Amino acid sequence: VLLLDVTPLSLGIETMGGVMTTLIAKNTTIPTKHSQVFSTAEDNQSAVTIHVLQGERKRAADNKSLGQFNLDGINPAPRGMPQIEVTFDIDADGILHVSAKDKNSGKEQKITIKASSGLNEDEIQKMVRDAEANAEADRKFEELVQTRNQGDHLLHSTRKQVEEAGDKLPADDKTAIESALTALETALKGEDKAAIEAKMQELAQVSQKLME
């Protein structure tokens, strides 16, 4: 065939840190189904949101929002534990169906998106031109986030491990940590990846007695 229907922009959802995680690649012939499993950003999280996006940018904010819904009734468990199956399916007439199911609870939710939604051709071109042009920055962003999320996590973990102990060591151990949890807390707010890792490391240091 010399011609076929495709979905012209990548399709996905928003993941922790406000990054887009793709789910159907641009220029994928339709119809088509894809599924991917996800978890929860943090501990004891009973609900998630699924924000459906169209585009080629690493910033979820930079892409086109097709919609959203919540998935509730998830059993508060530790982060990474729940298994939330998300599925994007585009039928032959370009209708997009997005489902999310929590494998444990069996809780499921759904949204239907009209083929005509999203970005027009002019807008399509631009996206693509824009994505390419900002490739370096989108990369930088992505990693920034990957670091930010490791840190967020180190954060709750370190806090969980301390306020977990009694012989919190010479409390001088405890104190160095609190003073390092701050530095990190603050570093995190920045856009500078190195500074985050650099505080993660200092934190990793004055935590010997807690890592043990």
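For the two forms, the rigid core is made up of the largest set of C-alpha atoms that agree within 1.5 Å on superposition. Numbers follow the displayed sequence, beginning with 1.
Relative to the shown model and aligned on the rigid core, the C-alphas in 9 other deposited structures of this protein deviate most, among 163 to 171 and 150 to 158, for 163 to 171. Once the structures in 9 other deposited structures of this protein are superposed via the core, the pair 56 to 64 and 177 to 185 is resolved in favour of 177 to 185 as the more displaced stretch (C-alpha RMS). As the entry records it, the average C-alpha temperature factor is higher for 162 to 170, out of 162 to 170 and 148 to 156. Stretches 58 to 66 and 179 to 187 differ in mean CA B factor, with 179 to 187 having the higher one. The maximum CA B-factor among the listed residues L9, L203, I13, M16, taken from the PDB record, is found at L203. Sorting the modelled residues of the chain by their CA temperature factor places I111 in the highest third. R79: CA B factor in the middle third of modelled residues in this chain (values from the PDB entry).
Ranked by C-alpha B-factor against the other modelled residues of its chain, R139 falls in the highest third. Residue-level temperature factors show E132 in the highest third of its chain, judged at the C-alpha atom.
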